[PDB]
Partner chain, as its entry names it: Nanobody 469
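This document opens with one chain alone, in structure tokens, the form deposited without the partner chain.
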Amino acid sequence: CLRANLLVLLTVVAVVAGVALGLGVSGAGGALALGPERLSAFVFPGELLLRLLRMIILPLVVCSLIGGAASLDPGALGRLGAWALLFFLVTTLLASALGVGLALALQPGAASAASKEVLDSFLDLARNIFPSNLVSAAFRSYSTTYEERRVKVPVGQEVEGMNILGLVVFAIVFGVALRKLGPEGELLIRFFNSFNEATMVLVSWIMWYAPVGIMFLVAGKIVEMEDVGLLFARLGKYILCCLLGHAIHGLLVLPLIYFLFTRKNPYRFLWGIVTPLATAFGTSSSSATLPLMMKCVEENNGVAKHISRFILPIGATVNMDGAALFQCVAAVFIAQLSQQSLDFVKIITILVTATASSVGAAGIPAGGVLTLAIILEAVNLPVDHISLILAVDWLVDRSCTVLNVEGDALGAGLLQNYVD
């Protein structure tokens, strides 16, 4: 009955009704009929849902990772983290290879009628791994700009955007330190567990408002971006390539890996995590849907508390299969647009750069375009075409987000069988 699956049905209905309402508003005038004053009010509920989800990201992530790191032996935690990192890297590489292969086979750039250096980007990623200030890292991330002193000198500053990766690393290290302390750190372990439980209560409350926010978010997203026909006619092949790659990875490849390692049915796991998947689609942010990911993984599935609260926060930052797939597809599409020959070395470096820079993605909406330019510059491809990718990034990115969070969930389930 619709008693325990009421949230799943409500969220699916919310997505469908948001698409329908956005299409109806667009057909009735769209932005011109509404205007900015009415558009802001129309899309406000989705922004409210995003704010509610982002408000609890820092305490939930910090407390969950501290508890998970302090709930395991340092050797066992290290082995679990190594297996998680291997799974994340393998899945990201598979997604990148699938995206490159699909783009090469289908050739979305057949119809030709339509920053930051790589080293500095990786140095910024390393700096964000080890934050210089925890309070600053709670709302700021390091980023490198350039000064034409006309040799370009890279100078860095803390820009807006939560440094989730640095908080993750610090929380893991602090949990390990608490475990090594033992009796002295037991009080802190209890404190962080209680804080995480309270944040779980807040997540359970926000989960009921989640359908309305998702509906209004998708409605506003498809209302603001008008001329859907032109978008799907000019970049239709690229959109189809990205969506097909995401669907293949999330419904064929990742479930195949889950079934091969865990003889259980992966689609039951997917049904259990449907609600955070649709939340990821609506919000286009892995971080925002991460609390719902942990909730559904812990309750709807049989994943242990420590495994989930240690793997999902890490995967929400490191494991991004959709981002890597989209970046590889976009790189091959732009190379085909410029009639650039993609040899084996170029394909290999595209795959490597996408896999390495998917970790550096912030997990925020429209976060893949900041990485696509870096990947293009790594292969010396033209960068002026990214504007085309910006035309439909409101949709593809959303799909990417789904894949991203999905992988995380499956990894947790997989690692559950590594513990049992």
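C-alpha atoms forming the largest set that superposes within 1.5 Å between two forms make up the rigid core. Residue numbers count along the first chain shown, from 1. Only residues modelled in both forms are compared.
One more form of this protein should be noted, the form solved in complex with the partner chain, which is absent from this view; the next part is about it.
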Practice prompt. Counting only non-hydrogen atoms, choose the one of 92 to 100, 265 to 273, 190 to 198, 238 to 246 that falls within 4.5 Å of the partner chain in the bound PDB entry.
Written response: 190 to 198
Worksheet item: Is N301 a contact residue for the partner chain in the bound PDB entry, using a 4.5 Å heavy atom cut-off?
Response: no
Worksheet item: Is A70 close enough to touch the partner chain in the bound PDB entry, meaning at least one heavy atom pair within 4.5 Å?
Response: yes
Worksheet item: Do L165 and the partner chain share at least one heavy atom pair within 4.5 Å in the bound PDB entry?
Response: no
Worksheet item: So, in the bound PDB entry, is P211 in contact with the partner chain at a 4.5 angstroms heavy atom limit?
Response: no
Worksheet, complete the sentence: Residue within 4.5 Å of the partner chain in the bound PDB entry by heavy atom, from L395, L351, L381, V359, is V359
Worksheet entry | Contact assignment for the partner chain in the bound PDB entry, among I314, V297, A331, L277, heavy atom within 4.5 Å | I314
Worksheet item: Is any part of 173 to 196 within 4.5 angstroms of the partner chain in the bound PDB entry by a non-hydrogen atom, and which residues would that be?
Response: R179, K180, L181, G182, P183, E184, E186, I189, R190, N193, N196
Practice prompt. Please look at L351, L376, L395, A69 and say which one has a C-alpha shift reaching 2 Å or more between this form and the one not shown, core superposed.
Written response: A69
Item to complete: Could you tell me whether the Cα atom of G18 shifts by at least 2 Å between this form and the one not shown after core superposition?
Response: yes
Worksheet item: Would you say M294 moves its Cα by 2 Å or more between this form and the one not shown, aligning on the core?
Response: no
Worksheet item: Cα of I386 displaced 2 Å or more between this form and the one not shown, core superposed?
Response: no
Worksheet item: Where do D393 and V212 end up in the bound PDB entry, Cα atoms closer or farther than shown, with a change of 3 Å or more?
Response: closer
Worksheet item: Compared with this form, is the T11-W394 Cα separation smaller or larger in the bound PDB entry, the difference being 3 Å or more?
Response: closer
Response to the item:
On a rigid core fit between this form and the one not shown, runs of three or more residues in which every CA shifts by 2 Å or more occupy 2 to 77, 115 to 149, 152 to 234
